>>> print(open('data_15.cif').read())   # mmCIF, N, CA and C atoms and all ligand atoms
data_data
#
loop_
_atom_site.label_atom_id
_atom_site.label_comp_id
_atom_site.auth_asym_id
_atom_site.auth_seq_id
_atom_site.Cartn_x
_atom_site.Cartn_y
_atom_site.Cartn_z
N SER A 1 2.67 2.38 20.03
CA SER A 1 3.11 1.46 18.98
C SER A 1 2.62 0.04 19.19
N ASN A 2 3.45 -0.97 18.91
CA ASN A 2 3.07 -2.36 19.17
C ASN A 2 4.29 -3.20 19.47
N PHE A 3 4.42 -3.64 20.72
CA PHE A 3 5.24 -4.78 21.09
C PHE A 3 4.43 -5.88 21.76
N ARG A 4 3.11 -5.74 21.83
CA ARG A 4 2.26 -6.73 22.47
C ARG A 4 2.36 -8.10 21.82
N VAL A 5 2.05 -8.18 20.53
CA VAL A 5 1.80 -9.44 19.85
C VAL A 5 2.90 -9.71 18.83
N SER A 6 3.46 -10.92 18.89
CA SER A 6 4.36 -11.42 17.88
C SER A 6 3.86 -12.77 17.41
N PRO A 7 3.88 -13.03 16.10
CA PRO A 7 3.51 -14.36 15.62
C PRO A 7 4.46 -15.45 16.09
N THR A 8 3.91 -16.62 16.31
CA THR A 8 4.68 -17.80 16.67
C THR A 8 4.32 -19.01 15.82
N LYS A 9 3.03 -19.27 15.62
CA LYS A 9 2.59 -20.30 14.70
C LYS A 9 2.80 -19.87 13.25
N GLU A 10 2.98 -20.85 12.37
CA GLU A 10 3.18 -20.60 10.95
C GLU A 10 2.17 -21.41 10.17
N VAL A 11 1.37 -20.74 9.35
CA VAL A 11 0.34 -21.37 8.53
C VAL A 11 0.87 -21.45 7.11
N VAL A 12 1.24 -22.65 6.67
CA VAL A 12 1.79 -22.87 5.34
C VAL A 12 0.81 -23.72 4.56
N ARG A 13 0.28 -23.16 3.47
CA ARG A 13 -0.74 -23.84 2.70
C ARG A 13 -0.45 -23.71 1.21
N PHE A 14 -0.48 -24.84 0.52
CA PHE A 14 -0.02 -24.99 -0.84
C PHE A 14 -1.03 -25.89 -1.54
N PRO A 15 -1.17 -25.78 -2.86
CA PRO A 15 -2.04 -26.73 -3.55
C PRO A 15 -1.53 -28.14 -3.31
N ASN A 16 -2.45 -29.07 -3.12
CA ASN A 16 -2.04 -30.44 -2.79
C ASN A 16 -1.77 -31.29 -4.02
N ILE A 17 -1.12 -30.71 -5.02
CA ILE A 17 -0.48 -31.48 -6.08
C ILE A 17 0.86 -32.00 -5.58
N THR A 18 1.07 -33.31 -5.71
CA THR A 18 2.27 -33.97 -5.20
C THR A 18 3.16 -34.56 -6.29
N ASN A 19 2.69 -34.64 -7.52
CA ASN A 19 3.50 -35.12 -8.63
C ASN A 19 4.79 -34.32 -8.77
N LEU A 20 5.93 -34.99 -8.64
CA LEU A 20 7.21 -34.32 -8.85
C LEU A 20 7.42 -33.99 -10.32
N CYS A 21 8.02 -32.82 -10.56
CA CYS A 21 8.27 -32.36 -11.91
C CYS A 21 9.24 -33.27 -12.66
N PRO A 22 9.09 -33.36 -13.99
CA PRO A 22 9.86 -34.33 -14.78
C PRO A 22 11.32 -33.95 -15.03
N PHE A 23 11.94 -33.19 -14.13
CA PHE A 23 13.30 -32.72 -14.38
C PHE A 23 14.25 -33.86 -14.73
N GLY A 24 14.15 -34.98 -14.03
CA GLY A 24 15.02 -36.10 -14.36
C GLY A 24 14.84 -36.61 -15.78
N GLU A 25 13.69 -36.36 -16.40
CA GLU A 25 13.50 -36.67 -17.81
C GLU A 25 13.89 -35.51 -18.72
N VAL A 26 13.49 -34.29 -18.36
CA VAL A 26 13.83 -33.12 -19.16
C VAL A 26 15.33 -32.97 -19.27
N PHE A 27 16.05 -33.18 -18.17
CA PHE A 27 17.49 -32.97 -18.15
C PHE A 27 18.24 -34.13 -18.78
N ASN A 28 17.75 -35.35 -18.63
CA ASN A 28 18.45 -36.54 -19.10
C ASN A 28 17.96 -37.04 -20.45
N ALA A 29 17.39 -36.16 -21.27
CA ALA A 29 17.08 -36.57 -22.63
C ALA A 29 18.34 -37.05 -23.34
N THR A 30 18.16 -38.02 -24.25
CA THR A 30 19.32 -38.58 -24.93
C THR A 30 20.00 -37.57 -25.84
N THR A 31 19.24 -36.61 -26.37
CA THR A 31 19.79 -35.49 -27.11
C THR A 31 19.05 -34.23 -26.72
N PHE A 32 19.74 -33.10 -26.78
CA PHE A 32 19.13 -31.80 -26.59
C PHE A 32 18.99 -31.06 -27.91
N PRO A 33 18.25 -29.96 -27.94
CA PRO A 33 18.17 -29.15 -29.15
C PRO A 33 19.48 -28.47 -29.50
N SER A 34 19.70 -28.30 -30.80
CA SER A 34 20.68 -27.33 -31.26
C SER A 34 20.24 -25.92 -30.88
N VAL A 35 21.19 -25.10 -30.45
CA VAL A 35 20.84 -23.80 -29.89
C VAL A 35 20.13 -22.92 -30.90
N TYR A 36 20.44 -23.07 -32.19
CA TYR A 36 19.70 -22.31 -33.19
C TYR A 36 18.23 -22.73 -33.23
N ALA A 37 17.92 -23.93 -32.76
CA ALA A 37 16.59 -24.51 -32.83
C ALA A 37 16.10 -24.88 -31.43
N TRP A 38 16.47 -24.07 -30.45
CA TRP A 38 16.11 -24.33 -29.07
C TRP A 38 14.61 -24.57 -28.92
N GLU A 39 14.27 -25.47 -28.00
CA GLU A 39 12.91 -25.95 -27.83
C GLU A 39 12.34 -25.51 -26.49
N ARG A 40 11.09 -25.05 -26.51
CA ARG A 40 10.38 -24.55 -25.35
C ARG A 40 9.32 -25.56 -24.92
N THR A 41 9.26 -25.85 -23.62
CA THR A 41 8.26 -26.78 -23.10
C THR A 41 7.59 -26.20 -21.87
N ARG A 42 6.28 -26.41 -21.76
CA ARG A 42 5.56 -26.08 -20.54
C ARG A 42 5.83 -27.10 -19.45
N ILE A 43 6.06 -26.61 -18.24
CA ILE A 43 6.11 -27.44 -17.03
C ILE A 43 4.93 -27.06 -16.15
N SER A 44 4.11 -28.04 -15.77
CA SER A 44 2.86 -27.71 -15.10
C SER A 44 2.39 -28.87 -14.25
N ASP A 45 1.56 -28.53 -13.26
CA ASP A 45 0.95 -29.51 -12.35
C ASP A 45 1.98 -30.44 -11.71
N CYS A 46 3.00 -29.86 -11.10
CA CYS A 46 4.05 -30.68 -10.52
C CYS A 46 4.76 -29.88 -9.44
N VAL A 47 5.52 -30.60 -8.62
CA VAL A 47 6.36 -30.01 -7.58
C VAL A 47 7.78 -29.90 -8.11
N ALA A 48 8.30 -28.68 -8.18
CA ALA A 48 9.67 -28.45 -8.61
C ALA A 48 10.60 -28.66 -7.42
N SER B 1 -18.41 68.99 -3.30
CA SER B 1 -18.55 70.44 -3.25
C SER B 1 -18.04 70.90 -1.89
N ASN B 2 -17.33 72.02 -1.89
CA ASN B 2 -16.65 72.50 -0.69
C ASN B 2 -17.59 73.00 0.39
N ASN B 3 -18.91 73.03 0.16
CA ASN B 3 -19.82 73.60 1.15
C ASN B 3 -21.07 72.76 1.39
N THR B 4 -21.11 71.50 0.96
CA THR B 4 -22.25 70.64 1.22
C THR B 4 -21.80 69.33 1.85
N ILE B 5 -22.66 68.77 2.69
CA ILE B 5 -22.41 67.54 3.43
C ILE B 5 -23.63 66.65 3.32
N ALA B 6 -23.42 65.35 3.19
CA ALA B 6 -24.49 64.36 3.27
C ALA B 6 -24.54 63.75 4.66
N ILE B 7 -25.71 63.81 5.29
CA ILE B 7 -25.94 63.22 6.60
C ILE B 7 -26.92 62.06 6.45
N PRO B 8 -26.67 60.90 7.05
CA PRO B 8 -27.67 59.84 7.06
C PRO B 8 -28.92 60.24 7.85
N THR B 9 -30.07 60.13 7.20
CA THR B 9 -31.35 60.34 7.87
C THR B 9 -31.91 59.09 8.53
N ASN B 10 -31.36 57.92 8.23
CA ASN B 10 -31.91 56.65 8.70
C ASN B 10 -30.77 55.66 8.90
N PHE B 11 -31.12 54.45 9.32
CA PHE B 11 -30.11 53.42 9.52
C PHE B 11 -30.73 52.05 9.35
N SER B 12 -29.87 51.06 9.14
CA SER B 12 -30.23 49.65 9.13
C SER B 12 -29.39 48.92 10.16
N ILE B 13 -30.04 48.17 11.05
CA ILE B 13 -29.31 47.14 11.78
C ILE B 13 -28.99 45.99 10.83
N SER B 14 -27.72 45.64 10.75
CA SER B 14 -27.25 44.53 9.94
C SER B 14 -26.69 43.44 10.84
N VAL B 15 -26.93 42.19 10.48
CA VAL B 15 -26.23 41.05 11.06
C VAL B 15 -25.47 40.34 9.96
N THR B 16 -24.17 40.16 10.17
CA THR B 16 -23.26 39.60 9.19
C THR B 16 -22.59 38.37 9.78
N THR B 17 -22.38 37.36 8.95
CA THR B 17 -21.80 36.10 9.38
C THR B 17 -20.35 36.04 8.94
N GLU B 18 -19.44 35.89 9.90
CA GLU B 18 -18.04 35.61 9.63
C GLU B 18 -17.67 34.21 10.10
N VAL B 19 -17.18 33.39 9.18
CA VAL B 19 -16.86 31.99 9.44
C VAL B 19 -15.35 31.86 9.55
N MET B 20 -14.88 31.24 10.63
CA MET B 20 -13.45 31.13 10.87
C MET B 20 -13.07 29.71 11.28
N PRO B 21 -12.07 29.11 10.64
CA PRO B 21 -11.54 27.83 11.14
C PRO B 21 -10.75 28.03 12.43
N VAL B 22 -10.87 27.06 13.33
CA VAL B 22 -10.24 27.15 14.64
C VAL B 22 -9.37 25.94 14.94
N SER B 23 -9.73 24.78 14.40
CA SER B 23 -8.95 23.57 14.62
C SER B 23 -8.92 22.74 13.35
N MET B 24 -8.06 21.73 13.34
CA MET B 24 -8.06 20.71 12.31
C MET B 24 -8.05 19.34 12.97
N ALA B 25 -8.33 18.32 12.16
CA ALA B 25 -8.32 16.94 12.64
C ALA B 25 -6.98 16.57 13.25
N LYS B 26 -7.01 16.16 14.51
CA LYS B 26 -5.81 15.63 15.15
C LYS B 26 -5.46 14.29 14.52
N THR B 27 -4.21 14.15 14.08
CA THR B 27 -3.79 12.97 13.34
C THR B 27 -2.64 12.29 14.07
N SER B 28 -2.58 10.97 13.94
CA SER B 28 -1.52 10.17 14.55
C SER B 28 -1.07 9.10 13.57
N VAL B 29 0.24 8.88 13.50
CA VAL B 29 0.84 7.90 12.60
C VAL B 29 1.66 6.94 13.44
N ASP B 30 1.36 5.65 13.33
CA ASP B 30 2.29 4.61 13.74
C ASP B 30 3.32 4.44 12.63
N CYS B 31 4.46 5.10 12.81
CA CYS B 31 5.49 5.12 11.78
C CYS B 31 6.04 3.73 11.47
N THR B 32 6.11 2.85 12.46
CA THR B 32 6.52 1.47 12.20
C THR B 32 5.48 0.71 11.37
N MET B 33 4.21 0.78 11.77
CA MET B 33 3.18 0.06 11.03
C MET B 33 3.01 0.58 9.62
N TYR B 34 3.12 1.89 9.42
CA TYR B 34 3.05 2.44 8.07
C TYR B 34 4.19 1.94 7.19
N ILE B 35 5.42 1.98 7.70
CA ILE B 35 6.57 1.61 6.87
C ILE B 35 6.66 0.11 6.70
N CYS B 36 6.59 -0.65 7.79
CA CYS B 36 6.96 -2.05 7.76
C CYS B 36 5.77 -3.00 7.67
N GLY B 37 4.55 -2.51 7.83
CA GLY B 37 3.48 -3.40 8.24
C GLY B 37 3.84 -4.14 9.50
N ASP B 38 3.52 -5.43 9.53
CA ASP B 38 3.88 -6.30 10.64
C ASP B 38 5.18 -7.06 10.45
N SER B 39 5.85 -6.92 9.31
CA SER B 39 6.99 -7.79 9.05
C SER B 39 8.12 -7.49 10.03
N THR B 40 8.57 -8.53 10.73
CA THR B 40 9.67 -8.38 11.68
C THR B 40 10.96 -8.00 10.98
N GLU B 41 11.20 -8.58 9.80
CA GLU B 41 12.45 -8.34 9.08
C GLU B 41 12.62 -6.87 8.72
N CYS B 42 11.57 -6.25 8.19
CA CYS B 42 11.65 -4.83 7.87
C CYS B 42 11.79 -3.98 9.13
N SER B 43 11.12 -4.35 10.22
CA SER B 43 11.27 -3.59 11.46
C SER B 43 12.70 -3.60 11.97
N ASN B 44 13.45 -4.68 11.75
CA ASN B 44 14.86 -4.69 12.11
C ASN B 44 15.69 -3.76 11.23
N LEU B 45 15.37 -3.67 9.95
CA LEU B 45 16.05 -2.70 9.10
C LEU B 45 15.65 -1.28 9.45
N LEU B 46 14.39 -1.07 9.84
CA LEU B 46 13.96 0.27 10.22
C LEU B 46 14.70 0.79 11.45
N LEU B 47 15.06 -0.09 12.38
CA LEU B 47 15.88 0.36 13.51
C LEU B 47 17.17 1.01 13.05
N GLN B 48 17.70 0.62 11.89
CA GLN B 48 18.93 1.22 11.40
C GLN B 48 18.74 2.63 10.87
N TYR B 49 17.50 3.10 10.75
CA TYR B 49 17.22 4.51 10.50
C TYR B 49 17.01 5.31 11.78
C1 LIG C 1 -36.14 54.24 8.16
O1 LIG C 1 -36.87 53.64 7.09
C2 LIG C 1 -37.85 52.68 7.51
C3 LIG C 1 -38.40 52.05 6.25
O2 LIG C 1 -37.36 51.62 5.39
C4 LIG C 1 -38.91 53.40 8.33
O3 LIG C 1 -39.84 52.43 8.79
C5 LIG C 1 -41.15 52.70 8.25
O4 LIG C 1 -41.76 53.80 8.92
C6 LIG C 1 -43.08 54.14 8.46
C7 LIG C 1 -43.55 55.30 9.30
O5 LIG C 1 -43.11 55.19 10.65
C8 LIG C 1 -44.01 52.92 8.55
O6 LIG C 1 -45.25 53.25 7.94
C9 LIG C 1 -43.39 51.72 7.86
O7 LIG C 1 -44.21 50.57 8.06
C10 LIG C 1 -42.00 51.45 8.42
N1 LIG C 1 -41.40 50.31 7.75
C11 LIG C 1 -40.65 49.41 8.39
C12 LIG C 1 -40.10 48.30 7.54
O8 LIG C 1 -40.41 49.49 9.59
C13 LIG C 1 -38.27 54.10 9.52
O9 LIG C 1 -39.25 54.90 10.18
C14 LIG C 1 -37.10 54.99 9.10
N2 LIG C 1 -36.40 55.48 10.27
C15 LIG C 1 -36.44 56.76 10.67
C16 LIG C 1 -35.65 57.08 11.90
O10 LIG C 1 -37.08 57.61 10.06
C1 LIG C 2 19.40 -41.26 -18.38
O1 LIG C 2 18.41 -42.26 -18.70
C2 LIG C 2 18.93 -43.54 -19.08
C3 LIG C 2 17.73 -44.42 -19.38
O2 LIG C 2 16.69 -44.21 -18.43
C4 LIG C 2 19.82 -44.10 -17.98
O3 LIG C 2 20.42 -45.31 -18.43
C5 LIG C 2 20.90 -43.09 -17.59
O4 LIG C 2 21.64 -43.58 -16.48
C6 LIG C 2 20.27 -41.76 -17.23
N1 LIG C 2 21.30 -40.78 -16.91
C7 LIG C 2 21.20 -39.93 -15.89
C8 LIG C 2 22.36 -39.00 -15.70
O5 LIG C 2 20.23 -39.90 -15.15
#
>>> encode(input="data_15.cif", output="structure tokens")
Amino acid sequence: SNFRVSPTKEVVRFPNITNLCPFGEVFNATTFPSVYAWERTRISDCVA
Amino acid sequence: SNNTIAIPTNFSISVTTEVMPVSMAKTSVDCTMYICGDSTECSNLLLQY
């Protein structure tokens, strides 16, 4: 079997986009949609 | 007919080929590597089997 090798180092690699997502704006809009007319928005190129 | 017999007057030497299996491929399974890959977390659950 194998008990020889166990990982110890961790290689974490992510796209280097650093712009934080606009949640503070999306959530704090002065008004939201009426549920019958709910609105869909793309969230992209950001860190959630 | 109750009173006649056929006798061979000649013969043929024949060579015939009989093919027989005797072994199969020896196989081995690392049951941990097959089930869990390398993931430590799954290997801990596999111990519970
Ligand atoms: C069995 O038959 C074979 C032929 O099928 C005989 O062999 C032949 O014999 C004659 C006379 O001796 C030759 O002219 C041929 O050339 C032979 N042919 C071959 C292929 O060998 C054979 O003699 C027979 N056996 C007996 C015991 O009579
Ligand atoms: C929402 O935005 C307005 C204007 O930027 C600000 O005055 C208010 O405090 C914000 N509310 C929250 C909960 O972030």
>>> atom_distance(input="data_15.cif", atom1="CA of residue 7 (chain B)", atom2="atom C3 of ligand LIG 1 (chain C)")
16.7 Å
>>> closest_atom_pairs(input="data_15.cif", of="chain B", to="chain A", cutoff="12 Å", atoms="only C-alpha atoms", output="CSV")
residue,atom,partner,partner_atom,distance
B:28,CA,A:1,CA,10.8
B:29,CA,A:1,CA,9.3
B:30,CA,A:1,CA,6.2
B:31,CA,A:1,CA,8.4
B:32,CA,A:1,CA,7.6
B:33,CA,A:1,CA,8.1
B:34,CA,A:1,CA,11.0
B:37,CA,A:2,CA,11.0
B:38,CA,A:6,CA,8.9
B:39,CA,A:6,CA,9.9
B:40,CA,A:6,CA,8.7
B:43,CA,A:2,CA,11.3
>>> residues_around(input="data_15.cif", residues="residue 18 (chain A)", least_positions_apart="6", cutoff="10 Å", atoms="only C-alpha atoms", output="list in words")
residues 45, 46, 47 and 48 of chain A
>>> residues_near_ligand(input="data_15.cif", ligand="ligand LIG 2 (chain C)", cutoff="8 Å", atoms="all atoms listed in the file", output="number ranges by chain")
A: 24-25, 27-30
>>> residues_near_ligand(input="data_15.cif", ligand="ligand LIG 1 (chain C)", cutoff="6.5 Å", atoms="all atoms listed in the file", output="VMD selection string")
chain B and resid 9 to 11
